[PDB]
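The form deposited in one PDB entry is given below as one chain in structure tokens.
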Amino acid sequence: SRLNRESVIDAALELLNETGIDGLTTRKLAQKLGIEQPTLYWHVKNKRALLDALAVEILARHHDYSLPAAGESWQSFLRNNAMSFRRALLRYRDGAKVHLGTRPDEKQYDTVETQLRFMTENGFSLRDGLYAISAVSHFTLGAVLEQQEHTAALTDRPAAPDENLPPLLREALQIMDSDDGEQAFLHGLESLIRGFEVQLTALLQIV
């Protein structure tokens, strides 16, 4: 089939969503694309180049709150941005894994620059605005990775018996699987945002 960048990425995303990050092999991508391996290598050099492109395209497709609205508070922007990032990551199996360790792509420069500027315009030093943005990113990636991997593990083997659990852990387990992770994520997200606020408003006051 077509091997423009768009369609290679399309197929890799499909493959990703079907078989997870382990399924993204040269061989399996070539088979999905209906091609021989040397054909694929002309287009895609290695798994890393593919993973980097997927990380970019997952956000291009499904990360729909990447810039602050007019007059938006930094708090509200981090909240909306985090929700959007999470949704984009959850779209595809192992999409959080695919993002890990990437650095913004040239295609994302204007966006991330605007994010960083926006933070600074709201009183954060570049460093502290970056640490806030990093923390939101890290938290969200962790939350998503734990949710997606847990679902994958369920499919492999069952949890161990309930009746040997201590009681708080037993409740906690009910709670965690009472949903897909959203409630815990949103609660943690508010904690994070408020802690950034405490740090910021403190200025040079001990806090």
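Here the rigid core means the biggest group of C-alpha atoms that line up within 1.5 Å when the two forms are laid on top of each other. So that there is no doubt, residue numbering starts at 1 and follows the sequence shown.
Note that the form deposited in another entry isn't included here; everything after this is about it.
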message: With both forms fitted on the core, check whether the Cα of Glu14 differs by 2 Å or more between the shown form and the other one.
response: no
query: Core aligned, does the CA of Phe85 move at least 2 Å between the shown form and the other one?
result: no
task: Return yes or no for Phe196: a CA shift of at least 2 Å between the shown form and the other one, with the rigid core superposed?
output: yes
